[PDB]
Each structure stands twice: as structure tokens, then as C-alpha cells.
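1. Return atomic coordinates for the entry below.
(chains A, B, C, D, E, F, G and H, ligands or ions: 1)
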Amino acid sequence: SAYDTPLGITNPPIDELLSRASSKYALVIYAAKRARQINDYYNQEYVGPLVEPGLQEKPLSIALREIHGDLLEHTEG
Amino acid sequence: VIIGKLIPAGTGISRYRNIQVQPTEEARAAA
Amino acid sequence: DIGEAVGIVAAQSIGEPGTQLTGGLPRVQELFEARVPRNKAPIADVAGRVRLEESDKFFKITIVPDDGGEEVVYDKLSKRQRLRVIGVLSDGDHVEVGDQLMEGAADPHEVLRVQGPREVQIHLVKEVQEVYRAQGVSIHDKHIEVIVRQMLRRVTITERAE
Amino acid sequence: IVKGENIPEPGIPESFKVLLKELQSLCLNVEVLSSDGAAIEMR
Amino acid sequence: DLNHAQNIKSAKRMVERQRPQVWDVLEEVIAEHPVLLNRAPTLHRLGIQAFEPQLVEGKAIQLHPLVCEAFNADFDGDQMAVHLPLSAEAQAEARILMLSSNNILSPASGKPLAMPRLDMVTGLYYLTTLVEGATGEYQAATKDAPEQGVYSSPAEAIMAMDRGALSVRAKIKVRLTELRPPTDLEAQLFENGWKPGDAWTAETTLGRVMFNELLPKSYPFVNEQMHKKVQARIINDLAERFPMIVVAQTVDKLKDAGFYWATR
Amino acid sequence: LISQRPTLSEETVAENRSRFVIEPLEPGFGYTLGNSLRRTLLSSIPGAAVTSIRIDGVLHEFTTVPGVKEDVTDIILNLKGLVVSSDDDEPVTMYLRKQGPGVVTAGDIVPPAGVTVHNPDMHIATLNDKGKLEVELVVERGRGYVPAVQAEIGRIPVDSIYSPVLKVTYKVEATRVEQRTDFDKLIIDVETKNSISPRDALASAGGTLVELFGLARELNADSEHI
Amino acid sequence: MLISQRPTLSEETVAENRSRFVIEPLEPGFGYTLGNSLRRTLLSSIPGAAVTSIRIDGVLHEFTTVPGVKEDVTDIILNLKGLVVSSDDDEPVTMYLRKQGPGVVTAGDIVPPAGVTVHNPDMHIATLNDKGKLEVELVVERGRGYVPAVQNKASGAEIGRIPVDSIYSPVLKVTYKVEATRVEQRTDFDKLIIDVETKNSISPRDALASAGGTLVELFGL
Amino acid sequence: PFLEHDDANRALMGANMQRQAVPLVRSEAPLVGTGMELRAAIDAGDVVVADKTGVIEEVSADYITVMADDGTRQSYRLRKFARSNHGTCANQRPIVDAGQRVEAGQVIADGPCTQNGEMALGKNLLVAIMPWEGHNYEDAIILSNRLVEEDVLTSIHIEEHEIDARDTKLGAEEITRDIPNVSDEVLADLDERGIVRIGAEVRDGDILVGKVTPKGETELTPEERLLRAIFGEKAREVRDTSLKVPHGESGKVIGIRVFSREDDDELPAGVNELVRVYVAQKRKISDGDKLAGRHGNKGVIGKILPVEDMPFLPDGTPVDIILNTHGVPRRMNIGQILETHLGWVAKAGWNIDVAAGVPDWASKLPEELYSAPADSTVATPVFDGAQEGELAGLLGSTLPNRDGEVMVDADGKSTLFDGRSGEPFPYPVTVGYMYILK
Ligand SMILES: [Mg+2]
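-> Numbers count the residues shown, from 1 in each chain, chains lettered A, B, ... in the order given. Below you will find the coordinate block:
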């Protein structure tokens, strides 16, 4: 199975991410909350990045790839 | 919107904004 | 999705067309505003036979109920405003409760008290969808239903649930 | 943005505060209220 | 951060004078930072869509030709506004909620909006249309002559198209090792273990073959001339059977091929 | 005048397919040498392939087989996939003949002269029970693709794929400059016959072009560029 | 069925400015893609001499008139664009033009410095009357293609200098056509003739060789 | 032209867009036009007309004098680079030589958008009506880079800036070159008074006129007052309010007007000095600019391609502009296709070359239209102009380019060669000359 190699913002696919949360809006908060987390760590919630980050990756993009790999929960209140 | 609050819809709903995000105990270890 | 704001999506789904509407925007506003129809059309108040009488270039429709009880008569109706089609209504035909007796627009308030709330929403969605479909626009019924739902939310003695 | 920090939580739009004053000028007493029912100084 | 400027006031002076050092920097900050595009009047939500910015020359905004349908944007002095989402939540909502390639179907009828239109329609129509009596036409000659209308593969047919031997819109028969047959033919012609990577010969125009190379390898062979309605059928069908990214990229390929053959 | 820093890189898709890039190029050199490269790859390289064939039992009857599974048309296009590098420089007749139920392949044919078949596992036909097959093959080197060229009865001229490159496609992107307006970037995608590898085919193409453009260089050769 | 014959170079002279070329024999299909691959390089990369900036003593900018002359300055600049100039000097040289009195100022009245030459003296530059006197120096540089007027800000140029668009294109008009031999399925060959025209700065043989030599350099393993 | 062939919608648009054109530096007249081209220019008043029959005495870019039969001299001073109310260039240029003899009412000098007496609102460009790789799509347009190199669609634009020095309550504003806190380089283009010198350049944010106003009470910052004491720069008593160039605007300084209170200039009460700076700029036709023809067809410039890769005729003559095909049929402005055919006829010339007599189509054609050389101008009044039969016949009469070869067939199409790949375009493409406006 192959769709193709995605470019930039379209990676990772939204479909593979939606399997990790309930709705698209939940997914938004997920990456957002984690994005602030990573940035706080760069200028010391302080954890990660769990995945090997390519240089200059926007912490939002890092948080998305984290959710792709099931690396974080992910509890809804 | 008038007072500048989050609209009670989409990402403004309570169940979505109060989410807590932490790495799994398994994930933090692997680093 | 859970958070979807379908009310706005519906208002825009219905709002984007209308630049394509040219039997148009006036009729659409008349329906959503629930005004008395521009040219009012009668609906059957009860099911039964229909006796079609022709006055001096007038139309006089009487309904002999199947009870059979008190006849239901419609006194004066312009002959220039044609009758509904099943062909066109004729003497002796059978009519059900909510049927449209003549071509035109049924008073949404009248169909309300006759058929009840559940049907008013169906009548309005049909009439509205008839306009947009006549101009060629494709809109899903649920958007109109979202709007129409907001019209029957209250009851005269106030919101329903409250 | 210059310090590269997270972006802060927004405040009260000045337009809204101006709206409250414009209502007061019309002899309309508008009060922002919390759960307690206590008035809140808009300043 | 880099030692180009010692303090902020030097950086601000640098940018205002358009110092050449800032250009390569701008690419780094713009990378994967979405921007919102909008055209007035805003009739539906698809009137605002997020995109990935690309530093381009000139003072005009380059807009993807597919989103023209959603924006109702014709290129006659038409202007559009740009908005920069700042907060992490704002960028997340842009990349997730308002991304261009995630909003294909009109949220009124479910029909596809990024579906190809005027120029690309005629291009694909000409590409898949079938011409009687075209160059390279297959006749399946019988008496003292072989068929002489078949080709070893779509690649050989291309070499025949570059020479004056073949026409793109000719009825021909070739065997495809990387495409999937239709449902009826896949069932009977193929032992029901699978039907990938196995040679099978069907008779269609070379154009229709190159056309089906744009659709996913997993999609059946269509073998029709692409009226605009037929294109809506396939994209509607693709939304059901495939994720959005598959649809987004496929319509991108349909754009490149539609335009190419639109000029030809 | 002299400009700087054009390069050539290759990403291998498979043992038969290789992708190449040129970075960077001055506008608009992408389209200039782009279509010329692909055209050179297609119809310039010398290669050996089948020209005509004749099979015993094939006659006035249009196309049917006395003892195999697929019609003669299907076998023709099967044979068109035969890759054979030859050193004869002229038409040479190969010999293939098999009997008994089984599957015939490329290995079932003896290489007469300068011939080394490069795809022995290639299928040709599945033989009927107690089936025999007798057929000749005319192989001559050549360039590119020549359609079936049509004294002899039962002689079937076939479309001949001389070149080792089956398909080459190209497109030009634009990126990689600081203040410039998106210098050209060339992408070429070539699928190889296994007779030669892609980069040798590209190297041969370049050698053919440079020798072809030295035609104009040898005229004056004084005015030049990088 | 390889046919072995070295691709030949035949040359023809259609006129003084342009001269036809013909190449044969070539494989089928090469005529069109190859001729155009030369054409694109002819128009874009042929090096030449072009006037970069000019100066007129009386004027401080290009939007003023000069007493006695019939053309305004920016009109004179547009008339100066047609100049076909050849400069063997690698570095920037400054020509001069001084004329006065009633008459016509042609391109020939320009005095070239050591090593450069003007190939169309008959060009009308300006027309002067009794009161009109014209002094102008022109800076000639070497390059290729079309470079817009370099603003005097990017350089340390004086306020009196007038930057001008520069067109280094010795080639005027170029096309091609193919005579294709597709006989009775025997020895199909391609014959291609190109029609190269220059601005008299360099002869077509010399420009084609320059482009051809440049093409050779780019094609590499 | 061909008004009778266009719907009132696009015709209404075409009429509105003629008054939207801008004066080009070249100002070339329309190859295919109507009668009104001439009279509209002279009656507009932007053209210099001789009111007495005479002979020219002097011809200067500044002025021109003409001696009449009366012996009385008339003289006309020319507008050179006058800024219009909307920023367009009002330059005038003489069309007569020294000894020429003129008649009363004749045209002496051309206006901004006139040539030889008739309005020239645009240029004549070689057009190809094929769709081209989507770069011309949904009314967009692609052009030859020639239009940049040869300044054909280049148009000069001027802007007027203004700053005044008045008497404030705290003190009098002074136009000066001394600015509180600035490098000497930002002043390097200013003169003594503090105004930008003539012929100097201007980049967005640069200073045109240095002006200063009193400031008090200072009450500076404690953090700032220390830096003043360290580096010894006295905190100046006045605030910097200088005239700078607006963002994105650029060009050169043409002239400066100065009205001063010291000199007995008339000023409004409280205003001492007034200085106005006029900046002009050359505008190469650029991506995103809006072009249009006379038939209500309009579109932005989507991309500008190098002359090398452009659909070109067998001449090697590249087309200047490429117009999409899909926008032509639906809008009922097909009159633009007619002037495209006539446009090619006019630039190529023709000779009916009657076998024996005027072929049956030319029954109504005037004899003067039978022959015509290259580059001839044509006039087709709106409701009695050229008609279809005459056009095809004129399309059948055409002339070789230079060599015997003919470049456009009887239905107005030509086989174009793709400049990118080099291989020709499969189908004959309609080419011609269309008059388009910036
Ligand atoms: Mg528009």
C-alpha cells in the first residue's frame, strides 16, 4: 500500500492522526498543548522531545509526529 | 466573540480545551 | 465530529447560493420568515370527497368528510389561480388530510395546526428545496432542517424544553 | 515572538470595554458578573 | 540568534533595508508555518483556507488553480488577504482544521470542489477520448496478416507515440503489469488469489492508460472518455474508498496532466 | 562568461530504474537540454533486438497455436520483452525448439553469435500436453524503436525495441537560491533494460551529445562560456 | 540496423547578418528537440557588449529636456537602446559623444575608446538645432542576456550617472525547420536546418559556435 | 472596433476600461481602429494644435515656434513630465521637423496617449489564443519578457509629496538638515536646507525633507539620560518630524517646489515654508498588473516567460502574449477575435490580386482597400466597418514575411513551435495582432 511521500505540512496524514484521538478538535488541542510543552523545555511542563527532532522543526510539527507514533496519552477531560 | 472569549464550539468546547497532554511512562524512558 | 457548529455551516450552505437565484430570493425569504403566502393556497381540513362547484368565474370547493360529519367549504377562490395536480383536481376525487387543494403556497401556519409540527418542517424543507433545486443548486436537506428546527422550538402559553 | 517564548493568553478586547462605557453613557447600568454575583472592576 | 545582528535594533534596521542576508533566513522561519488565505466576499468557510507559504518573486500572490472554485476567484485584478496564525493553537487549527488539501468536498452537498474544471477538463477529455481511424489503429488483420495492433507494454506504445507510429487517442490493445483491471475482467481473467503485478491485456487508448496511471495503483481501470461528470464520479468515489491525502495528490496529478494536454 | 556550481545526483528506484537531478541551472536551461536528453536516451544508444520471426505451423491461419496456451499475438508481445545484447552487427537467426508439456523460457534458446540473453527467466509460452514448438528469431542491433518493417511466407515482422531504455520522463522544478527567482532544477526518470545500467546509458547519452555539439564548437571555438 | 555516418556540418550564407546551417544525418526525431535546444541557448547565453550607464553634463536625471534638442532625455535613452556595440575590453570603458550646431546626431558621431567598435553608425540618436549642444559619455560593459538598469544605489555611482537597461544579445532572430527522410521503411533519417541571424556584432558562425561550445560544457557525465 | 459583434455587457466594460488606461513611454497607435481615434485626441485638448497655417521656425524639446503667412509668430510650450492628478505622466513630444509646412488645425506635438493625432491608449502585440500549460488560466495572462526589455508596456508614474513648517505654540517648525539622532549616510542625499537633491534616488523610508518641531517638556527616561551623559550626545530640544518616502514607493527626484515665509510668498496663517518633492519612476510591465482590450476582456499577468521559451512562428518570431481559449466563447466578446485577424492583416499587408475582377466577396469593397503595404493602419467604424466576407478574402491575400514563406493561413492560424521542448504544437493555433491596454 502506498499513497505517496507527503510534503511538509501534509505530513503526517490527518487520517493516521485522527485514529489517535476522538475528533479533529481534540487533535488540535493535543498538538497545541504538547507544542507549548516542548518549547518551554527549550527555554527551561518540561519533557521531550521523545522523537529524534530534525533541526529547526517547529515544536508543533514535532508534537504531531509524536502523536503519530502513539508516544503520548492523550486523556480527555 | 464580543467579550473575547473562546466560542463554545470546535476547539472551544470544554471537553477539548481541558485535555491533559503528557508522554506515556514508557515513552519518557525510551527518550 | 462532536464540536462541529452545524448551525453556521447550514446558514452558509444556504447563503452561498442566492447569487445564482433569479420563484427566487423573495420566495425563500417568505418561507424562512414564515409569512402568509404571497398567493395563499388552501389545504384540506379533513379527508373525504370533494365537490367542485364553479361560481361566476370562481372556484368553490367543498369537502364531504368520510365520517361523515360537517362539510368543509371554501367560499371564494380566484379561477385564474389554477388547481393542484395529482392530472388536475376534478369533481369526485378523493383528498387526504394535508393535501394541497390548489396550486400556490400553503400557509405554513395552516398546515401547522392541521398536520402538526412534524409536518410543517417537512413542508418548508420541500418548498425551500424546490426553489434551490429549480435554479440547479445542490444542497443537502439537513442544512435546511437545521434552520427549520429553530422555528418550532417555542410554544405559546417560551422555549419547549424549558 | 522576539524572545521566542510561547504566545500569551489574550486579554479583554478594548472594543468590548468601550462598549460597556457607551452603554453606561446611555444610563444603562451594565455589570459584568462572576459566579459569586460580585461586580468586577473593568480596568 | 545567529550572530548576524548583535541586538534587536540592528535586526530591525537590517530587515527594513532588505539586507540580502535576511532572505535565506526567511525561508527557515517560513518553513512549515501555515498562512490563511481569504477572498471577499466570504460566502462559506472554504473561503478561508490554510496553505504552506512559498517565497516567490514579484508582488502577486500565486494561488493553486483548484481552490479557485472554492474562493470564486477569477484572475482579473482579484485580490486576496493573508493572515498569519501566531499561537500554537492557531497554527494547529490551520494545519488540521483549515488545511487546503483536507477540505475538498463542499460542506453543502458533499460533491468535490477541487475537482478539475475548464482547462484541465478539456485536457483530460482530449486525453481519454477515442478517435476512429487514428494513427496506429488496431485492426486485428486475419487473412495472411497478424493482428499488428498490440504493444508489448505502455512503454513501447510511448516510443511509438514519439515516432509517427502511434496516436494518443487510438483504439489499441496493450498489456499492463502495474495497473489493475476492471471488476468484471479482474474476476474472470485473474485467478482469485490477487491481481497485482501480473500481466493482462486490455484494449483502450494510450491516453486512457496514462490517465489511469494518475489514479492510485489500487484503483480499477476505468476506460472511458472523461466528461466532467465522469471526473466527479471518480473523485466522489475516491473520497469514499481512500483517505484525503490520496485524493489530494491524485487531483494534483490530474491538474498536471489536464493542463499539459489542454495545451496539446 | 563563467558561472558556478551545477551538479548531478542520482537516486536509484530499482535495479532497472534510476532517477537523476541537476542542481542548479540557470533559467531556463531546464527545458533547453531537458527534452534533448530524453530524446537522446530513447533513439541514440546502440542496442540489439528482434526484427522478424517465423514459427513452424504458422501459416494462412491468422493466429492460433498448435499446442500452447496463448495466441500468437500474445506470444509476439511476449517475445518483444526479450533482451539480447549482440555483437554480430547484422541480422543473426537464433534457434529455439522444445517439446513435451512444460513452460518455455529464454534459456530454451541457444545463443548463436555474440548473443548473451540477459533475461533467462523470461516466460514465452506454456506448452500443451505432448506439445512441440519450432520457431526462428531474427536479431539485429539498432537504435531506438523501429516499427514492424514489412518473398517469405510465415514471416512475421515485429515491432523492434532496439534501445535499452524503455521509458524516460522529465520535469523541471525551481528552487535553491537566496535572492534569485527560483533557479531551474532538472529531474529525469529513466527505466533501463538490463542490457546496460542507467548511468552508463546517461553517460553514453552525454558522450553522444558533447560529440554532437562539438560539431558547432569546431567551427570557431573562440567565444565560450563556463 | 545501425547506419554509421558522422553527423556533418554544412554551412550556408543567406545574408551578411544571418547564415543558414544544416546538420545531417541524424536519428529520427532529433531534428526538432536539438535545433530548439540550440535556439534557446542562442537567444539567452551569447555574450556581447552593451552600454550599462550614460552621463550628460547638463542633466542630473533622465526626466528632463536639453536646450535646443528635439528629443527629451528618456526619449534619447530609448533611442540609445538600439545600439549594437562590440567591446573586446573585459573591464568597463567609457566612450564619448560630443556634437553641437544644427544637424543630426547619429550613432557614428560616438568616438569609441581603444578596443571597442560601433557596428551601426547610421542610427539616429538625436536631432539638434543652432542652440542645441550635446555632450554625453557612455559606459560600455560586457555580459550576456538582459540585465535591467543597475540602480546607482547598489553601486557607489554618482548622482549624475543615468543607469540604463542593458541588452547583450548579438543574435536577432533564430528559427529552424526539418527535412525528414521517411522512405519505404528503409533508412529513415532526419535533416535539420537552422536559420541564425545576428545584429552584426558577431557573425552567425561565431555566435552558433559560442552557444555550441557552451552547450558542450554543460553536457557532462 | 467591431462593436456590433460584442454583447452590451463586455462592450460596457470595454468602454469603461479605455478611460482606465495609462500613458506609456512609447505611445504607439492602434493598428486596427475606428474613425473616432483621430477626433477624440484633438478634441481632448492634450495635443498641441496649430491655430494658423505657417512654417516651423524652431523645434526644441522645451517649445516649438511657427511662423505663419501673416508673419506673426506663434509659440507653444510643451508639457514635459507633468504629473497628472492620478500620477500619470503628461509628457508631450513634437512630431514636426524644422522646415516643415503645417496647416491651421494640424497636430504639432503628441500628447501622453496619442500618436500622429489619434489616441493611442495601448500597444499592438502578437497574440496566440492557445491555452499554455495553465499559466494562462481563468483570465490570467502570460507575456514575452520582450515587453520588459523593450519597454513597450513601460509607463512612467509620478507622485507628489508635501510637508510644511508652521508656527507651533512651543516654537516654529524649521525645515533643516540637522536631525536629532541619525547617521550621516541617511542625510548623504540632502542639500543644505535639508531637502533631497534633484536627480537623487529614494528607497522606502528614506528622507525627502528634513523637518523639526519643538518638544517640551522633555522629561526623558532615567535610563536614557545616562546614555546621553556617557556618549556625550546632548539630548536635543526638538522632535524629529521629517518627510520620508512611503513604504514600497521608489524612484528618483524630478523637481522640488519651495515656498518660503522669509521670501514674500503667500502662505496660510501660521504656515512659514512649503516644500513639495516630485518623484517619478519607470514601471516595467510586471506580474500581477492588469491588462485589457477594447472588448471588455481583462486579466492579470500570471507569468512572464523568457523570449526563448514562447510559442513562436516558423519565422522564429515569438508571440508577445498568450490568451486562454476558454474565456473567449462564453462571454460573447468575439469581436476581439475579429480585430485579432484584422490585426495580422494590417501588419502583414495585402493585395487582393484579383484573378480577373474583384472576387464575389469584394463587391462592396472600396478600391483603396484593394492594395496595402505592411504596417498599414485600418479603420472600421463601429456599425459600418469590416464584415466577415471581406475579412476572409483579406485573409486570403497576404504577404511573405521576408522570404517567400507565408506565416498565417486563410482561417488565421499557424503551426507554433513549443519554445520549451522544441517540438511543434499539434494543431494550427490562431495568431494575430491585438491592441491591448495597460
Ligand atoms: Mg474577478
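
2. Close to chain B: what parts of chain E are there?
-> E:89, E:93, E:97 (Cβ under 8 Å from any Cβ of the partner chain). All C-beta atoms are positioned from the backbone trio N, CA, C, and that covers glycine.

3. repeat that for 7 Å
-> Residues of chain E lying close to chain B by Cβ under 7 Å from any Cβ of the partner chain are E:89, E:93.

4. any chance you could map the helices in chain E?
-> Using DSSP state H, the helices assigned to chain E run over residues E:8-16, E:21-30, E:68-71, E:88-96, E:118-128, E:154-162, E:183-189, E:206-212, E:228-241, E:244-263.

5. Chain neighbours aside, what residue packs nearest to the residue sitting nearest the centre point of chain F?
-> Among the residues of chain F, the one closest to the centroid is residue F:164, at 2.4 Å (Cα atoms, centre = their mean). Residue nearest to residue F:164 in three dimensions, not counting chain neighbours: residue F:193, with 3.8 Å by Cβ to Cβ, 6 or more residues apart in numbering or on different chains.

6. Pretty sure the one you found sits against residue F:167.
-> No - counting by Cβ atoms under 7 Å, residue F:193 sits too far from residue F:167 to count as a contact (10.7 Å).

7. Name the residue in those two with the higher neighbour count.
-> residue F:193 (22 against 19; other Cβ atoms under 10 Å in any protein chain shown).

8. gap between that one and chain H?
-> Using Cβ to the nearest Cβ, to the nearest Å, residue F:193 is found at 25 Å from chain H.

9. ok, now residue F:163?
-> Taken as Cβ to the nearest Cβ, the span from residue F:163 to chain H is 19 Å.

10. now for chain C, which residue lies nearest the mean position of the chain?
-> Centre-most residue of chain C, counting by Cα atoms, centre = their mean: residue C:106, 4.1 Å.

11. Isn't that residue up against residue C:44?
-> No - if you go by Cβ under 7 Å, residue C:106 and residue C:44 don't touch, sitting 10.4 Å apart.

12. Setting aside sequence neighbours, what's the nearest residue to whatever residue of chain B ends up closest to chain G?
-> Scanning chain B for proximity to chain G using Cβ to the nearest Cβ identifies residue B:4 as nearest, at 45.8 Å. Nearest non-adjacent residue to residue B:4, counting by Cβ to Cβ, 6+ apart: residue D:13, 4.4 Å away.

13. burial count for that neighbour?
-> 14.

14. right, and it touches residue B:5 too?
-> No - with contact defined as Cβ under 7 Å, residue D:13 does not reach residue B:5; the gap is 10.0 Å.

15. Run through the residues that contact the residue nearest to residue F:164.
-> Residue F:193 is in contact with F:83, F:164-166, counting by Cβ atoms under 7 Å, 6 or more residues apart in numbering or on different chains.

16. I'd like to know how far it sits from residue H:325.
-> 41 Å (Cβ to Cβ, to the nearest Å).

17. do residue H:341 as well
-> 15 Å.

18. now swap in residue C:84 and tell me
-> 49 Å.

19. just checking: which of the contacts of residue F:193 also lie near the ion?
-> Among these, no residue lies close to the ion (Cβ under 5 Å from the ion).

20. Those into TSV, with extra columns for secondary structure?
-> Below are these laid out as TSV (DSSP: H, G, I helix; E, B strand; the rest coil):
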residue	secondary structure
F:83	coil
F:164	coil
F:165	strand
F:166	strand
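
21. Which members of those are the farthest-apart pair?
-> F:83 and F:165 (11.8 Å; Cβ to Cβ).

22. List just the nearest of the contacts of residue F:193 to chain D.
-> Distance to chain D across those (Cβ to the nearest Cβ) is lowest for residue F:165, with 52.0 Å.

23. With adjacent residues omitted, what lies nearest to the closest one?
-> residue F:41 (4.8 Å).

24. nearest spatial neighbour of the closest residue to chain E within the stretch 151-300 of chain H, skipping sequence neighbours?
-> Nearest residue of the stretch 151-300 of chain H to chain E, counting by Cβ to the nearest Cβ: residue H:288, 3.1 Å away. Of all residues not flanking residue H:288 in the chain, residue E:60 sits nearest, at 3.1 Å (Cβ to Cβ, 6+ apart).

25. now do residue C:91
-> Counting by Cβ to Cβ, 6+ apart, the residue nearest residue C:91 is residue C:52, at 4.0 Å.

26. now residue E:142
-> Closest to residue E:142 by Cβ to Cβ, 6+ apart is residue F:62, at 4.1 Å.

27. secondary structure class for that neighbour?
-> Under three-state DSSP, residue F:62 comes out as coil.

28. For it, give its distance to chain A.
-> On the measure of Cβ to the nearest Cβ, residue F:62 and chain A end up 42 Å apart.

29. Determine the number of other residues adjacent to that residue.
-> Count around residue F:62 with other Cβ under 10 Å applied: 17.

30. For residue F:93, give me its contacts.
-> Per Cβ under 7 Å, 6+ apart, neighbours of residue F:93: F:112, F:136-138.

31. What's the separation between it and chain H?
-> The value you get for residue F:93 to chain H, if Cβ to the nearest Cβ is used, is 38 Å.

32. Looks to me like that residue is in a strand.
-> Yes - according to three-state DSSP, residue F:93 belongs to a strand.

33. hey, where'd the helices end up in chain A?
-> Under DSSP H, chain A gives helices at A:14-18, A:24-42, A:59-68.

34. Now do the longest one: distance to the chain's middle.
-> From the chain centre to the centre of helix A:24-42 is a distance of 7 Å (Cα atoms, centre = their mean, to the nearest Å).

35. Pull the residues that contact that helix.
-> By Cβ under 7 Å, 6+ apart, helix A:24-42 touches A:17-18, A:21, A:45-49, A:59-60, A:62-64, A:66-67, A:72, A:74, A:76, B:10-11, B:13, B:16-17, B:19, B:21, C:1, C:3, D:6, E:88-89, E:92-93, E:96-97.

36. Separate out the buried members of the residues you listed.
-> For the contacts of helix A:24-42, a burial check counting by 16 or more other Cβ atoms under 10 Å in any protein chain shown picks out A:17-18, A:21, A:47-49, A:59-60, A:62-64, A:66-67, A:72, A:74, B:10-11, B:13, B:16-17, B:19, B:21, C:3, E:88-89, E:92-93, E:96-97.

37. Can you name the element that comes right after the longest helix along chain C?
-> Longest helix of chain C, by residue count under DSSP H: helix C:117-135. The first helix or strand that comes after helix C:117-135 along the chain, using DSSP states H and E, is helix C:141-149.

38. Appreciated, that's everything.
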